[PDB]
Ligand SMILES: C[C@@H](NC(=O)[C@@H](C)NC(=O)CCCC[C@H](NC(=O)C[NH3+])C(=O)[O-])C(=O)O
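One chain comes next, on its own, written out as structure tokens in the form deposited without the named molecule.
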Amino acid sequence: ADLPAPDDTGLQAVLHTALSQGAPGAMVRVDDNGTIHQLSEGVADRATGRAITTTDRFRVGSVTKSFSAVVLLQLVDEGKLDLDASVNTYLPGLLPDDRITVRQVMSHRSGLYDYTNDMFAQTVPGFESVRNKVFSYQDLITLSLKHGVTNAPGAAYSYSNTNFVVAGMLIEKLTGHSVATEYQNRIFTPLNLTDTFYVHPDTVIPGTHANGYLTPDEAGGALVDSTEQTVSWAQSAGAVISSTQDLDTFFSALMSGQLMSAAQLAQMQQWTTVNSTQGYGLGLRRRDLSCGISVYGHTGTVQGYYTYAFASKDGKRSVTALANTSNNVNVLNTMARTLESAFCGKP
């Protein structure tokens, strides 16, 4: 059936709450079948005092995984990739187990250890160590491989950035092009996403953007401006730059069937259980809301930015919410409430 009306007063309260919890700024845009809802509060740059707005560009962090998944699924449509073939079939000698398949990597069922647990054991120090570094995909995979796998191939869900570093490597090996080229040709251009970019390893965010503020691990610590970094530690797992409008366009296009064949979209929605209210497909999350509606999209975390980008099953309603801080669980939990207000409406 259809959805209740979005609750703008509920969205305003969520944003206000997130500010009280430490986010310098927060904003949300809902594309409700052609009627826009847009709210923002707080600052884009806490030093100059410039107010954040829904048109500000930002780092979408892990939402990038959905972009990588779309490219891979289109490669399946073109007959260049088989989801059930071994990763090692395409990238000889990369992984220690030939049984790890592309499907397992896409759904975080590979058992590959997440190298970011080593990199960011200490938040700020970890950020200062990698912010200006450039890594090859192999460098990151090697970091992961210093540890054993955490489970047998396909046995269970374990979120790992390594899986989407592998995805980047696959895209480049099969196409002979950089992932930037593939994103642009396959998604940015066709959808006319004019606020979306993949500029790795450039550290500048093109145009008007919200700055990101990393919260230190110690309570009461001063925020660190984490805006400009290479994001080389994430690449195909987390380096896309976009806007609320473009992510709403992207997820609405994905769910409505415009980005791949119906068969691959169905594959993308084969859910692995994450917890009682969430599933993971192939680079896509499913969140079950209190009113008994499920939404599909992806969350993103990267230093200084928390993103929620979700759409209804048919793509007719899409929401993108952004708080310009990270490493602040209160803010992360409060921002998730945007989904309840946007999709479930007034209580």
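Residue positions are given as counts along the sequence shown, with the first one as 1.
Keep in mind that the form solved in complex with the named molecule is missing from the display, and what follows is about it.
Although the partner is absent here, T334 lies well away from the named molecule in the deposited bound form, with no heavy atom inside 4.5 Å. The named molecule is not shown here, and in the deposited bound form it never comes within 4.5 Å of any heavy atom of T55.
Put simply, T301 is close to the named molecule in the deposited bound form: some heavy atom of it is within 4.5 Å. A residue is said to contact a partner when one of its heavy atoms sits within 4.5 Å of a partner heavy atom; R317 fails this definition for the named molecule in the deposited bound form, lying far away. Proximity to the named molecule in the deposited bound form, taken as heavy atoms within 4.5 Å, picks out 153-161 from the listed stretches 199-207, 153-161, 257-265, 85-93. A single residue from the set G212, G238, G111, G168 has any heavy atom within 4.5 angstroms of the named molecule in the deposited bound form; that residue is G238. Here the marked residues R29, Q38 and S312 all miss the named molecule in the deposited bound form; none has a heavy atom within 4.5 angstroms. Counting a residue when any of its non-hydrogen atoms is within 4.5 Å of the named molecule in the deposited bound form, the one hit in 257-296 is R285.
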